[PDB]
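Below sits a lone chain in structure tokens, taken as the form deposited without the partner chain.
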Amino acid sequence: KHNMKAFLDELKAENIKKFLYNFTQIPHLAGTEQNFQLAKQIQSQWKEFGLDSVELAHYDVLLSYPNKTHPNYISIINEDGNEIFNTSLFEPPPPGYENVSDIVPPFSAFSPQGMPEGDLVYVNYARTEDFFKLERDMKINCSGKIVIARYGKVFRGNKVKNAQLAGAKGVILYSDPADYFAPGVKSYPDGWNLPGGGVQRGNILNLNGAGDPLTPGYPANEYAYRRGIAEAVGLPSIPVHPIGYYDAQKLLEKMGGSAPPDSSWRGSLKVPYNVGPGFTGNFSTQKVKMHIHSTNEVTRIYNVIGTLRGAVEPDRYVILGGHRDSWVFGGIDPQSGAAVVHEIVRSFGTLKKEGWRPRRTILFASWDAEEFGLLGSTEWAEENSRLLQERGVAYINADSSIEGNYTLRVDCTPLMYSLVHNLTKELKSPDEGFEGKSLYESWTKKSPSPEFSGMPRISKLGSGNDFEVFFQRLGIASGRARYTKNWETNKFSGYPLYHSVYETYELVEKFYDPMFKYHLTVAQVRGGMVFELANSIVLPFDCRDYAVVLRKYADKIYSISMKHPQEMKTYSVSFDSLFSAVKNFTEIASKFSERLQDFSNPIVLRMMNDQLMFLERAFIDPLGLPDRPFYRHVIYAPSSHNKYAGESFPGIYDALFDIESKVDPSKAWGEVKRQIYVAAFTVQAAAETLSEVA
């Protein structure tokens, strides 16, 4: 039989291992020839594997690279302007790769050029709350200072935006061992920890969903009109550069001024973590100087797009997409994920060769330039937005399959909760101690839902990956799943060797997943989800799961507001309309579900599959959220303080945030009320898409 079990059984751990090895021998930086070569290789193999068509879709987008003949570095400069200390020009290459060419040195992509010199202020993680503490409580002024921040907690672009708005003239990012060195494990190559010479690459844009900075709204095709650099979206205005903890220790050890305000500001290095500004008495005349010479350059990128045409509903698309570009070798990020997609295609192709086709069309994507701001996926979605919004059933992302070896991590629309629970109950746990048990059982045990006994935790979708355009811009139901660590406090920080030259095939094979069983389990989860979404006669979405979370989010936003009872009285701020809409959504969703259970009529079925498919779409507001036009979903947006995290009722949340500091409370509470009305209306409108149609 050609059924999900046939699909799942064809997947092999050994194939995923071979593909990962194949994809990680040389760097595949976006815009480079080696990444174009790998695109062509994947295109060829997907054809060989049996897909109906496999094309490259190319765009010319703004990328950023260091100047090969004029290296980026930071100095401590004395009174005379002698540079007495210089940060490294490169990470020490790992064993056996000390000769591999074209390893991009650590840099912050899209930094402007400059050579600012000044006094350091240490700003902890450079979060909103850290800047509040400095400016409001400690009365330290970052204006004209170079700020030094530890990586972790939040997306680095938010750190840079926050430092910019505090008036910094430059930013130094570093990896603290507190955040990137797990106690009791060895540094690479002897373990999975970050060495003191290791450095995390990464872009520092604030795109808010725009895609290529030069062509917001429209694909960066051959005839595209581009903005000038001065009008580009999301570029930082101050130089930024990342360093490792050996170099950071040299910059931090001499810091003076104020003590750290408390222990949450102290990392693990042997330094006081003084906030500054400047150095202690003896060194008070020394300064820090950055030298940044990177250039932004419009560069061609290539997505690979594979199609497996549906037998019955070829005009309904289920999309499995993940990126191919890497900072260096991409051992975890993204080739762990791409090897799994490759094996999924291979398995589907095997069934296809035996005469099977999925009911709906499956699209497979190898995205380019994800590392430079989700550019490949977003440009292709801009090009194809009309097809995706009227035909897009679901999007499953497929970046790194693993970031740990403890248990499963799933973020998805509530519409897929039931699908995920049911599938995981049917898969074998790969975990030690759970042999013979389901993945559901091991996952539920290791990661319990905070809300419900006997269920696992599933999180809201945030951002920082290629599902952003499909979910928050276009409103297509989206999901993602990977194996993760047990390190609750490091949730948004990344695994130690994130975006470092040390992220290699050997890292994975030796220390993460020697038997490739966690990769195989993730291939079963991602592939199984795609199989059910593409083959189930009724789409496997349960609208009642949305009703449950809408009530939780309404309770949560109401609680936030109720910290300000006097203002809610003065300004007549009521959540009644939002609770009413949620109540209605609950009631209508319950009725729709009964009808879905209670209908040989393919029109009624497709009418009802259309209602299911367009239900995520109904949460889109075509006017977007305030000052963020490409975040259109009214229930979920990436947090304005941390792009990785999702926020619920983001429009109301942002209207309430720090409201006690607004100078015009009447205006500020008016805007709260406006956002309550938008959210209540959108909930009611989405509910009504599930009413009888006539």
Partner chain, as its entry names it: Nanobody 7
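Residue numbers count along the first chain shown, from 1.
A second form of this protein, the form deposited with the partner chain bound, is not displayed here; the remarks below concern that form.
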Segment that reaches the partner chain in the deposited bound form - one of 523-531, 564-572, 170-178, 423-431, heavy atoms within 4.5 Å: 564-572
Heavy atom of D627 within 4.5 Å of the partner chain in the deposited bound form: no
Partner proximity in the deposited bound form: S143 to the partner chain, non-hydrogen atom cutoff 4.5 Å: no
Contact test in the deposited bound form: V582 vs the partner chain, heavy atoms, 4.5 Å: yes
Non-hydrogen atom contact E33 with the partner chain in the deposited bound form at 4.5 angstroms: no
Listed residue that, although the partner chain is not shown, lies within 4.5 Å of it in the deposited bound form (heavy atoms), from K437, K186, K552, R300: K552
In the deposited bound form, the residue from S559, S101, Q597, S263 that sits within 4.5 Å of the partner chain by heavy atoms: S559
Sequence-ordered list of residues in 666-694 near the partner chain in the deposited bound form, where near means a heavy atom within 4.5 Å: none
